[PDB]
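Step one of this worksheet: look at the structure below.
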Number of protein chains: 2
Amino acid sequence: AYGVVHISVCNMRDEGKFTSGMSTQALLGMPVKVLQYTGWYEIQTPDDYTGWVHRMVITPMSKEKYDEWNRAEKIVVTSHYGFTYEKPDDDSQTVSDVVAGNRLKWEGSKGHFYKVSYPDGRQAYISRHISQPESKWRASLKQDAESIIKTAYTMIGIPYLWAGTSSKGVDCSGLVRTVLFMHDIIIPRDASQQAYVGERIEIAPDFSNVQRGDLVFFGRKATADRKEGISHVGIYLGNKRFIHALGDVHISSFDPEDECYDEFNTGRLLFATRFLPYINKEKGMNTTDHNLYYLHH
Amino acid sequence: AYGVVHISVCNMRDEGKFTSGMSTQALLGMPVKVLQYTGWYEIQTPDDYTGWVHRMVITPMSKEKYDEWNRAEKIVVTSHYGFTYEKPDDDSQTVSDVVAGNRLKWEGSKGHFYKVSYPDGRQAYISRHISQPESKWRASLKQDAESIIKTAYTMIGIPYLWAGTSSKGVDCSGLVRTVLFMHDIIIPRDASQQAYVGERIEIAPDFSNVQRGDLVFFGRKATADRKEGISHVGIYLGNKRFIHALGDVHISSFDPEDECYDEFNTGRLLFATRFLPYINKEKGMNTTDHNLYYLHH
Ligand SMILES: [Cl-]
Ligand SMILES: [Cl-]
């Protein structure tokens, strides 16, 4: 009934087969609920999203051991990319790759390394240059618009990947989720669900009422006969510019004077949302230390 | 009719839509043939594999411009992961991520960095610690079994990813292709096509006629009414062990005395192939400086 992801990034699919489309991705050390087993596991991530994974990428656990995994202080991976090693030496045999958001059980310290262990039982060493203890990490965390935009800028040029939810590759809602997870925040996975959390902002023609860190939503405008359709999402940067994933992670503008002007999305702009003031104050938006998948209940 | 990939890893799909399954991946700086345009490009990689990509991930070019891209000396990315920067400073704004096998146009040198340019026109700086000039790289290259196994071991723990063809995540045939591309070698994309290049080895019960660096193939054994089916592939390491992608990149054994014994694949082992002595000596197996997609013709 419970499991923990034990690979850097696992690929959740619409059905329990590789020949089905990827729907989302979960990260190393992330607790999940297990809904069924058919040879493949149907799992549920802390954002309530459900998808299918191969049997070998998660560690099934009793409620007791799942609660013990969640209780243990973690080493949090803060760099986009890296590796873990068999020895506290970056020239020794690797154990796996890691991505930002990966969390491993803290087992000690040696040199400039943290001793860590995987949910499956593997032991490794990880550099203090790409990671830090969870307690130290939480205490220095910032969750304001400037901090989230600063993270979003470190992701420029990263490829677009349909259902991509990690530093390896992201889709439009996946970019928002990856950046936010680096600041301990979870919001819904789909762009359609992200559009209806936080405060809806009806954009002024000059964009004067849209702030840095707001999300911008694109799609089919509501008609009298048909409700609005959400097809895309970006993060507002101020000055009529936004960062988003389309082809790759890049900056675009609503101003035709800018070389990065995005004509197709400017014409489909529907509204903005202010969500950062409402984390842990509204359903669907929380931090991992307030999320019930991470806590005994 | 010609294009060049301009993102670290692009995702080629069975149809021109994200809701179709991924079939393979191409890398930054890789020349491709453009077969059609529908809003999405149908492209063909240097392994003759065809797939669909979004319009914004490739730079279409005239035959002239494509030939000029292929002639220019490249900076080759040799590390699994990294970034390019706007300035010769690793604290400056990034341009994109890079993976091993990525190739950029060499534009100069500054400090411990190479000045590079992307097929789309972006300019960046890339560290000398994760990359090297193509000419120096080719002259230093080893293409023997020991060298290919050494690369395969640097990929342990990396996730399995259906149609994965890069350091980010690999499938079984994808592992082979990624390891080989890091040694300038191209062989067919599908495990079904890899099985019929090189010399077929009928495995002796004690494995005494199987050598390090041989490929091992799994599937359905040939019956009188039905030909053999190829479902999986691994690289032989000697001592009845092999490295492969299944859940993640890991080592498995054909010996039940070993803890890493793989019962399901041991029972489906069909044959081995010796391919490394036949690069540039048989159709479908070549080096990039012998591959017609990389050369004027
Ligand atoms: Cl994609
Ligand atoms: Cl997968």
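Net charge around B:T154, counting only other residues with Cβ within less than 13 Å of its Cβ (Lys, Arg = +1; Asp, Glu = -1)?
-3
Build a GNM of chain B with springs between Cα atoms under 10 Å: which of B:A222, B:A72, B:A26 gets the top mean-square fluctuation?
B:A222
If you plug each phi of the stretch B:261-270 into the Karplus form 6.51 cos²θ - 1.76 cosθ + 1.60 with θ = phi - 60°, what whole-Hz ³J(HN,Hα) values come out, in order, with x for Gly and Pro?
4, 9, 5, 4, 6, 4, x, 10, 4, 9
First select every other residue whose beta carbon is under 11 angstrom from the beta carbon of B:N291; then total the charges, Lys and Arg +1, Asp and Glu -1.
-4
Extension gain A:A1-A:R226, at 0.36 nm per residue separation less the Cα-Cα distance, in nm?
Extending this stretch completely gives an extra 76.9 nm.
Quick one: go through the stretch B:66-110 and flag any residue whose amide nitrogen is under 16 Å from the point 7 Å out along the Cα-to-Cβ line of B:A139.
B:73-76
Per-residue HN-Hα couplings for the stretch A:87-92, Karplus 6.51 cos²θ - 1.76 cosθ + 1.60 at θ = phi - 60°, whole Hz, x for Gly and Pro?
Running phi through 6.51 cos²θ - 1.76 cosθ + 1.60 with θ = phi - 60° gives 10, x, 7, 7, 9, 8 Hz.
If you average 1/r over all unlike Cα pairs in the stretch A:37-138 and invert the result, what Kirkwood radius do you get in angstrom?
14.7
With +1 on each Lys and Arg Cβ and -1 on each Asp and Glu Cβ, how big is the dipole of chain A about its Cα centre, in debye rounded to the nearest 20?
720
Please give the average number of partner chain Cβ atoms lying within 10 Å of the Cβ of each residue in A:158-165, rounded to a whole number.
Averaged over the peptide's residues, the number is 6.
When the Debye formula is applied to the Cα atoms of the stretch A:1-64, each taken as the same point scatterer, what base-10 log of I(q)/I(0) results at q = 0.12, 0.18, 0.23, 0.26 Å⁻¹?
For the requested q values the scattering log ratios are -0.22, -0.52, -0.87, -1.13.
Place a +1 charge on the Cβ of each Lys and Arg in the stretch A:164-287 and a -1 charge on the Cβ of each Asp and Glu, then give the dipole magnitude about the Cα centre in debye, rounded to the nearest 20.
540
When Cβ neighbours within 10 Å are restricted to other protein chains, what is their mean count per residue of peptide B:144-156?
Per residue, the number of nearby Cβ atoms from other chains is 1 on average.
Within the set A:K65/A:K110; A:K110/B:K105; A:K17/B:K105; A:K65/A:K142, which residue pairs have Cα atoms separated by over 29 Å?
A:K110/B:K105; A:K17/B:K105; A:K65/A:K142
In 20 Å bins starting at zero, report the fraction of Cα pairs in the protein assembly as shown per bin as a rounded %.
With 20 Å bins starting at 0, P(r) equals 20, 55, 24, 1.
Once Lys and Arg get +1 and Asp and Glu get -1 on their Cβ, which of B:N280, B:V216, B:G169 lies farthest toward the positive end of the dipole of the stretch B:138-297?
Final value for the positive-end residue is B:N280.
Considering every pair of different Cα atoms, what Kirkwood radius, in Å, is found for the stretch B:135-297?
Evaluated on the stretch B:135-297, it is 16.2 Å.
What is the local net charge at B:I201, summed over the other residues whose Cβ is closer than 14 Å to its Cβ (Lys, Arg +1; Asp, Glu -1)?
Charge balance near B:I201 sits at -1.
What are the ³J(HN,Hα) values, in whole Hz, obtained from phi via the Karplus relation 6.51 cos²θ - 1.76 cosθ + 1.60 with θ = phi - 60°, for each residue of the stretch B:108-125 in sequence order, with x given for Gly and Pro?
Calculated HN-Hα couplings, in order: x, 9, 8, x, 8, 10, 9, 7, 9, 9, 8, x, 6, x, 4, 10, 7, 10 Hz.
For the stretch A:239-297, what is the largest minus smallest coordinate of the Cα atoms on each principal axis, given in angstrom and ordered from greatest to least?
53, 22, 18
Using a label point 7 Å beyond Cα on the Cα-Cβ vector, give me the inter-copy distances for B:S135 in nanometres, one decimal, shortest first.
5.7
Dipole of the stretch B:1-64, Cα-centred, from +1 at each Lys and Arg C-beta and -1 at each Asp and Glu C-beta, to the nearest 20 debye?
180
Bear in mind these aren't lab numbers, they're just calculated from the coordinates by the rules spelled out. Neighbour counts are summed over all protein chains in view; Cβ atoms, including those assigned to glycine, are modelled from backbone coordinates with ideal geometry.
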